[PDB]
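Only one chain is included here, represented as structure tokens and corresponding to the form deposited in one PDB entry.
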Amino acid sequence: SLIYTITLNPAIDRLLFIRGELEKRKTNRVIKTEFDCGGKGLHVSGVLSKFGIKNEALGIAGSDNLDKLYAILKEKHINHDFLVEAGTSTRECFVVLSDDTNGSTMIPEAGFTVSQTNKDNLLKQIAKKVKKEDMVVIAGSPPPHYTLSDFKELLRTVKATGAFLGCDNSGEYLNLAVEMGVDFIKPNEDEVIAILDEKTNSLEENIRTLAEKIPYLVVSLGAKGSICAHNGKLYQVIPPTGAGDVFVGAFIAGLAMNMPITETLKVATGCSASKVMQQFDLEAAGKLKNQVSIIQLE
């Protein structure tokens, strides 16, 4: 079988290294510039590959900076079959970083408007490629004007093939994903409250309730860690940006390698924490795996 990632609104991450903090009306000189691939799906493909797990990235890229995007993907050993929109450029997400600090300021471009033709090409692309034994991971939110309506066809077209379907989205797209019934989603506390529009029950109850529709539910609680529901059980995951994408990637890898869920959660969490410490190193992420603690909630 195979794993497919779908990055509707890909990007090129441009790391801008400056000295100290980022003043907000001052001039901040860049010491050096660094590039990496952007888009949730892509980040997820990057993790899968480090795990020696086969996968292919799908999405819509711009023509004008394609060569640059491909060099990065080749470097991150990411197999892809992108659709290309002529006369446009993949957006960039400027990441103002710093060795002198541990912060990061994000300034992502909105991305371009996708042509109707490439929307349809993505649909058959999925029909022609995805099998029931495969897994699909639509990650990152849609580019401007890729409507909820468009998103609906996308999800249904995937479901129609019977493959595992995970979605890392937000806003009405996440809600929509839930209503459609995907196998995986990683909402934050508040997104959970939003999806249900319920504010009087405990979060726990919101999650157990939501687990009735999503079989691999993982709710991020920020620094506190996470809560994952699966097979009737609820787990509190306690750890010792892009951290969320790596978590997804790691989590998918675990399921792909078919390892215990509690175990998958320790690996996912070890890799996510491994980055919140990096400007990730898989080897380095492995030392954190067994520092992660799981607490089953009864």
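What we label the rigid core is the largest C-alpha set whose atoms superpose within 1.5 Å from one form to the other. Don't overthink the numbering: it's just position in the shown sequence, from 1.
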Can you let me know which of the two, 24-32 or 225-233, has the higher average C-alpha B-factor in the entry? 24-32
What stretch has the higher average Cα B-factor here, 136-144 or 101-109? 101-109
Between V96, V182, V84, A127, which one tops the list for Cα B-factor in this entry? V96
Out of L265, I60, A273, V44, highest CA B-factor residue: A273
Based on the deposited C-alpha B factors for this chain, I'd like to know if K131 is in the lowest, middle or highest third. highest
Once the chain's modelled residues are ordered by C-alpha B factor and cut into thirds, is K74 in the lowest, middle or highest one? highest
Quick one: classify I53 as lowest, middle or highest third of the chain based on its Cα B-factor. highest
Relative to the other modelled residues of the same chain, rank the CA B-factor of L297 and answer lowest, middle or highest third. highest
Taking the values exactly as deposited, rank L2 by C-alpha B-factor within its chain and report the matching third: lowest, middle or highest. highest
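Same protein, other form: the form deposited in another entry, not shown, and the subject of what follows.
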Relative to the superposed core, which single residue of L176, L122, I78, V192 shows a CA shift of 2 Å or more between the shown form and the other one? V192
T101 C-alpha relocation of at least 2 Å between the shown form and the other one, rigid core basis: no
Core aligned, does the CA of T209 move at least 2 Å between the shown form and the other one? no
